[PDB]
Amino acid sequence: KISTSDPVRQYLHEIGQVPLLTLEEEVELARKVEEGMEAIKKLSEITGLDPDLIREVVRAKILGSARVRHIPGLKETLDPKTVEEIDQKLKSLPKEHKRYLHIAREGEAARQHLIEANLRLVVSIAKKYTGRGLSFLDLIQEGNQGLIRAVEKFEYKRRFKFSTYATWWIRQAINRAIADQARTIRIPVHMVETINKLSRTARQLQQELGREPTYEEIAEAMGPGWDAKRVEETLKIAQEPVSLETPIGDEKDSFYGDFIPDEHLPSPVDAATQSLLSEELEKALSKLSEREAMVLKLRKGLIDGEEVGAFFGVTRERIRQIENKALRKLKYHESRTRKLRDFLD
Amino acid sequence: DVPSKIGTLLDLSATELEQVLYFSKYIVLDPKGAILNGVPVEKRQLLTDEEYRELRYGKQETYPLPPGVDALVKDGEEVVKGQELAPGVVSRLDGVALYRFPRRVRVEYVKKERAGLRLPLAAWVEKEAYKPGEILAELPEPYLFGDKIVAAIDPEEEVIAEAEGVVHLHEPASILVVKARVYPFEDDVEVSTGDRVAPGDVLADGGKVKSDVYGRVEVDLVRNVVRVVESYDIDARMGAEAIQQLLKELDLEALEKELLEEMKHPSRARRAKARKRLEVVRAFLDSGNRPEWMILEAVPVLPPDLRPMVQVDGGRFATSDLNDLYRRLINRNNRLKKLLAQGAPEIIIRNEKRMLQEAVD
Ligand SMILES: [Mg+2]
Ligand SMILES: [Mg+2]
Ligand SMILES: [Mg+2]
Ligand SMILES: [Mg+2]
Ligand SMILES: [Mg+2]
Ligand SMILES: [Mg+2]
Ligand SMILES: [Mg+2]
Ligand SMILES: [Mg+2]
Ligand SMILES: [Mg+2]
Ligand SMILES: [Mg+2]
Ligand SMILES: [Mg+2]
Ligand SMILES: [Mg+2]
Ligand SMILES: [Mg+2]
Ligand SMILES: [Mg+2]
Ligand SMILES: [Mg+2]
Ligand SMILES: [Mg+2]
Ligand SMILES: [Mg+2]
Ligand SMILES: [Mg+2]
Ligand SMILES: [Mg+2]
Ligand SMILES: [Mg+2]
Ligand SMILES: [Mg+2]
Ligand SMILES: [Mg+2]
Ligand SMILES: [Mg+2]
Ligand SMILES: [Mg+2]
Ligand SMILES: [Mg+2]
Ligand SMILES: [Mg+2]
Ligand SMILES: [Mg+2]
Ligand SMILES: [Mg+2]
Ligand SMILES: [Mg+2]
Ligand SMILES: [Mg+2]
Ligand SMILES: [Mg+2]
Ligand SMILES: [Mg+2]
Ligand SMILES: [Mg+2]
Ligand SMILES: [Mg+2]
Ligand SMILES: [Mg+2]
Ligand SMILES: [Mg+2]
Ligand SMILES: [Mg+2]
Ligand SMILES: [Mg+2]
Ligand SMILES: [Mg+2]
Ligand SMILES: [Mg+2]
Ligand SMILES: [Mg+2]
Ligand SMILES: [Mg+2]
Ligand SMILES: [Mg+2]
Ligand SMILES: [Mg+2]
Ligand SMILES: [Mg+2]
Ligand SMILES: [Mg+2]
Ligand SMILES: [Mg+2]
Ligand SMILES: [Mg+2]
């Protein structure tokens, strides 16, 4: 059943059963998130385990079983035996350091009740960067990834609360997504703003002449180094890919693709040429000696188009020597039994 | 397809049980899930977010938090810490706080009338007890004639250097319907379950830990309170995941023989259903290829020159419409992976798995 509503009901439902208290619940969970960090680092300290390993072991114990680790990241961590060994050292950590294990876990979990509560924040924000060329669900989701981004950095010590914080960490994530995925051909953020500027300038210029600007206006109004070659180039990159499939002429079954020719494929006149050219060139190449003909034939025909570097031990003067004397006798008889002249291209 | 090829074989509601778990979250208990709804675990049956939520955390998440500071903060507290609150615990002060479900209570925050029996927070605030052993003298004037603070001297959720790290506010009376154990003991038959008196804690921490039929373990090092909540490894799953599983664990041969029987013997109705269900299983089971494949975990991608990127006019490029859908699938898929890594709130994973699902269509 049509998607948007189900998701909306889904996280609005859970927010409904649990928004976060303006203070108490955003502070609570924040503080737990942090002690989690402080806890996991001290855990690495005492265990010699990478903070990355401590982070994934506690996450498996709080977020999910063998199922999660095995399907998502494929099996580098053994499903049962491996993480279990890691939790064992966590237990052996006496009264002092066990504390951190028990804290890391609760911190991780805390991190989740905070991310659930603030999904309405995302959607409300995400509800405004809607017509950029991204799906609402795609938009809310990237924004969602941004809010999780915020959870990493929030310093509850600095009193300001998570709302204004998630706002930025989200709006960034969404503006990136819109620039990174909204197109069929990837353009940098600089060429995007550039296009917006160009567009906006064309708007101001559509304000008074009654002349959709010659790209003279566009260069001037935009600024410093803008010239015609530029704007023409810019708007050419702006236009989106038209469909290789689109209605054509007197709209009927005629699909645009049958119209476009093909260029690498040798159309029969080209296979025929290759045949004659190859056999005739191959006959001539045999009536020469190998050394400087194969050198220029392979140097030219085989690899990459280096007089000096073209011939083996023998220097330049035997190259040019043979290059140019075999090359001309090869031509000059090819002139007599004219096989090559009719230009095969 | 009208006949669901995966519904006819997997006897799931041919067309609606699928729709239900496929695109949204209606979990199908794949393997065992020992604890009740009222009756045994549903081997091949489907439950809702809400009842499932009521399966894992325990039956009741009631978060009644009080008004102002004195009335309800007092009725709730006197009967909150460890006082096993029965159902219909009629807390007394605004309207009537009504705690209508099961086993033990955890209240959340205090404000400043009288401070007694609460955790380590305020201790460092009024130096006397954390600084030296004063708390006793802290009771003030009748001591001349565990916690028990002054008559009424402190106000919020603060850290008292200078009163700088603070937070003035509410006080939740969150009933957590779970069973609280303070002094568990060590009996070695199966590996040591739960806790020892005070020294060793073998229970996993305040997250996921399975001890006896009850299966969640929260930990509060305040008193040695090993909060043991009660459900088990209920393999609750929804989407292609739950169907890939179900399709692997089926010996078509068995279903072929069972259906043989169902087919000729009982009256028309259900035997009729079985003959239409025996067709697909037999085809799968004849020279035909084997059925775990209906599931897609690896999407083939049609050729490149077949989905062209052409130069049309000036800058107009033109590509085969398939490339827009392919970007769809690719982006979602990747954002999926990134969202699993970064940490995963459940709604957001589903919401995406949903989007990803559609894309693959
Ligand atoms: Mg902390
Ligand atoms: Mg040390
Ligand atoms: Mg060490
Ligand atoms: Mg998973
Ligand atoms: Mg495995
Ligand atoms: Mg897989
Ligand atoms: Mg072994
Ligand atoms: Mg970040
Ligand atoms: Mg402050
Ligand atoms: Mg807000
Ligand atoms: Mg910039
Ligand atoms: Mg021009
Ligand atoms: Mg500039
Ligand atoms: Mg243009
Ligand atoms: Mg056509
Ligand atoms: Mg061609
Ligand atoms: Mg071309
Ligand atoms: Mg040749
Ligand atoms: Mg060279
Ligand atoms: Mg050389
Ligand atoms: Mg000749
Ligand atoms: Mg001659
Ligand atoms: Mg001549
Ligand atoms: Mg001739
Ligand atoms: Mg079970
Ligand atoms: Mg729990
Ligand atoms: Mg007052
Ligand atoms: Mg207590
Ligand atoms: Mg009133
Ligand atoms: Mg009630
Ligand atoms: Mg109970
Ligand atoms: Mg107080
Ligand atoms: Mg205490
Ligand atoms: Mg306190
Ligand atoms: Mg005092
Ligand atoms: Mg005295
Ligand atoms: Mg007082
Ligand atoms: Mg205040
Ligand atoms: Mg206050
Ligand atoms: Mg026991
Ligand atoms: Mg036991
Ligand atoms: Mg021990
Ligand atoms: Mg353990
Ligand atoms: Mg203990
Ligand atoms: Mg038979
Ligand atoms: Mg058969
Ligand atoms: Mg191209
Ligand atoms: Mg096509």
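Protein chains in written order, with the entry's author numbering: chain F, 74 to 378, 384 to 423; chain D, 107 to 251, 364 to 579. Quick reminder that beta carbons are idealized off the backbone N, C-alpha and C, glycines included.
Residues that residue i bridges to, as DSSP identifies them
i	result
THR537 of chain D	F:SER316 and D:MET527
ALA454 of chain D	D:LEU135
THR168 of chain D	D:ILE393
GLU353 of chain F	In the DSSP output, where bridge partners are listed per residue, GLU353 of chain F has none listed.
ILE321 of chain F	F:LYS325
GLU156 of chain D	Its beta-bridge partners do not exist; DSSP assigns none.
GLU436 of chain D	D:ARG445
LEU204 of chain D	D:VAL196
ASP413 of chain D	D:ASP419
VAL211 of chain D	D:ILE393
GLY383 of chain D	D:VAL377
Proximity below 8 Å, CB of residue i to CB of residue j
i	j	result
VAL368 of chain D	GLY412 of chain D	no
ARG209 of chain D	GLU183 of chain D	no
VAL400 of chain D	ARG441 of chain D	yes
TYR450 of chain D	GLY139 of chain D	yes
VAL315 of chain F	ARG534 of chain D	yes
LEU574 of chain D	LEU554 of chain D	yes
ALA252 of chain F	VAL265 of chain F	yes
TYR158 of chain D	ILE133 of chain D	yes
Simplified DSSP assignment, three categories, for residue i
i	result
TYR128 of chain D	helix
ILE378 of chain D	coil
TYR329 of chain F	helix
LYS397 of chain D	strand
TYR410 of chain F	helix
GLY239 of chain D	coil
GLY180 of chain F	helix
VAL186 of chain D	coil
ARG249 of chain F	helix
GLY222 of chain D	coil
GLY374 of chain F	helix
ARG284 of chain F	coil
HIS143 of chain F	helix
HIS337 of chain F	coil
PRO297 of chain F	coil
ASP406 of chain D	coil
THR307 of chain F	helix
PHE502 of chain D	helix
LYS426 of chain D	coil
Distance cut-off 7 Å: residue i Cβ against heavy atoms of ligand 15
i	result
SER327 of chain F	yes
Buried or exposed by the 16-neighbour rule on C-beta atoms within 10 Å, applied to residue i
i	result
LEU464 of chain D	buried
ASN552 of chain D	exposed
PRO172 of chain D	buried
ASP136 of chain D	buried
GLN254 of chain F	buried
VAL202 of chain D	exposed
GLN277 of chain F	exposed
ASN507 of chain D	exposed
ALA536 of chain D	buried
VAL126 of chain D	buried
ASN191 of chain F	buried
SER413 of chain F	exposed
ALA404 of chain F	buried
heavy atom of ligand 35 below 7 Å from residue i C-beta
i	result
residue 320 of chain D	In this structure residue 320 of chain D is absent; chain D steps straight from 251 to 364.
Near ligand 48: residue i beta-carbon under 7 Å from a heavy atom
i	result
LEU317 of chain F	yes
Any non-hydrogen atom of ligand 42 within 7 Å of residue i CB
i	result
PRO417 of chain D	yes
Heavy atom of ligand 12 within 7 Å of residue i beta-carbon
i	result
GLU305 of chain F	yes
heavy atom of ligand 25 below 7 Å from residue i C-beta
i	result
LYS138 of chain D	yes
Near ligand 5: residue i beta-carbon under 7 Å from a heavy atom
i	result
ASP152 of chain F	yes
beta-carbon residue i near ligand 33 non-hydrogen atom, thresh 7 Å
i	result
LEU93 of chain F	no
Residue i beta carbon near ligand 26 (any heavy atom closer than 7 Å)
i	result
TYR432 of chain D	no
Residue i CB to nearest heavy atom of ligand 38 below 7 Å
i	result
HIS388 of chain D	no
Residue i Cβ short of 7 Å to ligand 14 heavy atom set
i	result
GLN218 of chain F	no
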